[PDB]
Amino acid sequence: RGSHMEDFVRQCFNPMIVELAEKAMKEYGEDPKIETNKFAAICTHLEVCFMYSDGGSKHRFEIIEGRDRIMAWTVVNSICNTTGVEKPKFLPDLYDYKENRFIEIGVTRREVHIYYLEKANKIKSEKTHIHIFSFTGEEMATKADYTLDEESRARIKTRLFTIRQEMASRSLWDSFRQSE
Ligand SMILES: COc1cc(CCNC(=O)c2nc(Cc3ccccc3C(F)(F)F)[nH]c(=O)c2O)ccc1O
Ligand SMILES: [Mn+2]
Ligand SMILES: [Mn+2]
């Protein structure tokens with residue numbers, strides 16, 4: 001109770017995003033008021049996913065991240081049962097209607113190389129595209145296919161470095177970087 005991080009998080013992110021992160025955490029046992037670095041990470045992840053879907057066309061993406069567990073899986077099965085793609089082992093973040101694949105978004109506080117390797121080994125189902133973002137500005141996509149145009153990805157990187165800065169200016173950055 002009474003952490004600087006928790007007050008910064010609800011100040012940095014959109015209320016609807018904070019609410020979705022809150023609900024997503026409690027659904028999986030975590031508590032936003034003690035596990036505040038996770039709380040911070042979940043909002044960043046959520047916002048990155050939303051900006052990602054904001055790239056490209058209006059019908060381009062179907063957002064899986066943000067929905068509750070059961071409806072998310074329901075949309076996945078509908079997407080698999082209509083497009084023929086194989087159902088993924090873990091819940092993905094997006095489905096690309098133009099490129100006919102699921103997308104797994106990553107936000108990491110280490111060199112993009114390791115995190116990609118870990119998530120590429122977490123699913124091992126292939127097909128499911130992986131797109132990794134770092135807080136420094138590095139990105140990382142399967143087959144070097146970065147899906148969106150450069151300007152849409154540059155927006156995401158810019159926002160990620162703004163979050164890093166606001167955290168450091170309040171001295172929460174170092175603890176946040178170590179929590180992963
Ligand atoms: C409560 O926490 C969250 C739960 C959800 C619903 C399903 N979880 C993901 O979809 C997801 N989880 C993570 C990190 C994480 C966090 C908790 C458990 C497991 C994992 C993972 F094993 F995946 F590493 N990183 C993503 O990129 C990612 O898409 C979404 C965002 C969250 O913040
Ligand atoms: Mn996800
Ligand atoms: Mn993800």
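These values consider heavy atoms only, across backbone and side chains, with no hydrogens, waters or symmetry-generated copies. Starting from 1, each residue takes its place in the sequence as its number. Counting starts at 1 for both ligands and their atoms, following the listed order.
Residue pairs that meet the salt bridge (charged side-chain N to carboxylate O under 4.0 Å, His left out) test with at least one member in residues 45-55, sequence neighbours left out, are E47-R159.
A donor-acceptor pair under 3.5 Å links the side-chain atoms of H45 to the main chain of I105, judged by distance alone.
Atoms of ligand 1 lying under 4.0 Å from any heavy atom of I105, numbered from 1 in the order shown and given with element: 27 (O). Of all the atoms in ligand 1, the ones that sit under 4.0 Å from a non-hydrogen atom of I42 are 1 (C), 2 (O), 3 (C), 32 (C), 33 (O). Residue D93 approaches ligand 1 through these ligand atoms, each under 4.0 Å from one of its heavy atoms: 29 (O). Remark: ligand 1 atoms within the under-4.0 Å shell around heavy atoms of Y115 are 25 (N), 27 (O). Heavy-atom contacts of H45 reach the following atoms of ligand 1: 26 (C), 27 (O), 28 (C), 29 (O) (cutoff under 4.0 Å). For ligand 1, the atoms lying closer than 4.0 Å to a non-hydrogen atom of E30 are 1 (C), 2 (O). Distances below 4.0 Å separate heavy atoms of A24 from the following atoms of ligand 1: 1 (C).
Distances between N or O atoms of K119 and those of ligand 1 include no value under 3.5 Å.
Taking the side chain as every heavy atom from C-beta outward, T36 and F8 never approach each other to under 4.5 Å. A 4.5 Å side-chain heavy-atom check between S134 and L160 finds every atom pair outside the cut-off.
Not a single heavy atom of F39 sits closer than 4.0 Å to an atom of ligand 1. Residue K38 places every heavy atom at 4.0 Å or more from ligand 1.
Residues passing the salt bridge (charged side-chain N to carboxylate O under 4.0 Å, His left out) test with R170, sequence neighbours excluded: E166. Listed by chain and number, the residues in a side chain to side chain donor-acceptor pair (under 3.5 Å) with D96 are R60 (sequence neighbours excluded).
Salt bridge absent: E151 and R155 never bring a charged side-chain N and a carboxylate O closer than 4.0 Å.
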Inset, instruction - Tell me, with the steps shown, if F135 and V107 meet side chain to side chain contact (heavy atoms under 4.5 Å, CB included). - result: CA-CA 7 Å; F135 269 103; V107 189; 4.0 Å; yes
Inset, instruction - List the steps, then state whether salt bridge (charged side-chain N to carboxylate O under 4.0 Å, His left out) holds for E22 with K26. - result: CA-CA 6 Å; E22 248 168 12; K26 323 222 200 242; 5.3 Å; no
Inset, instruction - Would you check, one step at a time, whether the test side chain to side chain donor-acceptor pair (under 3.5 Å) holds for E99 with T147? - result: CA-CA 8 Å; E99 310 263 23; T147 326; over 6 Å; no
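Contact annotation for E65 and ligand 1: only side-chain heavy atoms (C-beta onward) come within less than 4.0 Å of the ligand.
Less than 2.8 Å away from the Mn ion (ligand 3), the protein contributes these N/O/S atoms: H45 NE2, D93 OD2, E104 OE2, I105 O.
A side chain to side chain donor-acceptor pair (under 3.5 Å) with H131 holds for exactly one of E139, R153, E104; it is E139.
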